[PDB]
Amino acid sequence: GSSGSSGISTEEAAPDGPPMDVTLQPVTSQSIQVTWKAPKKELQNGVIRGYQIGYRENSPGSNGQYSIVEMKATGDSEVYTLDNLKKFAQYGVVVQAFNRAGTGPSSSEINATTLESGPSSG
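Going by the numbering used here, the residue at position 34 of the sequence shown is 34; the numbering climbs one at a time, nothing skipped.
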């Protein structure tokens, strides 16, 4: 209990739609960048407390269960660098907006095969 909520809304509601601009982007070798935008405006169903980024290997032998990661909505646009990944391997993650009112549906499962090498300045 630190910050309340005031914005013509005495009660929020779970999102009835996934986030937009949902896409992956390999920045390193064992990590990927997930960027997305606010889920619609009318669907937003009130401000958002945060979203869930579930990612899991795209191969057999992986834990399986989509590793969920709780975060906060910095603003309209949000991003999350999913680290602890494999090397040059396909990975599928989803993004969903979750508020105090509840959680919403996920976004079209995307993918992004991590780079085939480590990072390099330039």
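All C-beta atoms, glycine included, are put in the ideal place defined by N, C-alpha and C.
Any idea what DSSP makes of residue i, helix, strand or coil?
i	result
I110	strand
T23	strand
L85	coil
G118	coil
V94	strand
Just how far apart, CA to CA, sit residue i and residue j?
i	j	result
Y55	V95	9 Å
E116	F88	5 Å
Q52	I68	6 Å
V34	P105	17 Å
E11	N45	9 Å
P15	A97	7 Å
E78	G61	31 Å
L85	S2	34 Å
Out of the options, point me to the one whose CA is closest to residue i's CA.
i	options	result
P18	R49, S29, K37	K37
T113	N63, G75, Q30	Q30
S107	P39, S9, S121, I8	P39
Within a Cβ cutoff of 6 Å, which residues of the same chain sit near residue i, ignoring the five residues on either side of it in sequence?
i	result
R49	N99, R100
Go through its chain and collect everything with a Cβ distance to residue i's Cβ below 8 Å, but skip five positions before and after it.
i	result
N58	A89, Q90, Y91, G92, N111
Beta strand (DSSP E) runs wholly inside the stretch 22–62, at least 3 long, in chain order: The stretch 22–62 contains these whole beta strand (DSSP E) runs: 31–37, 50–57.
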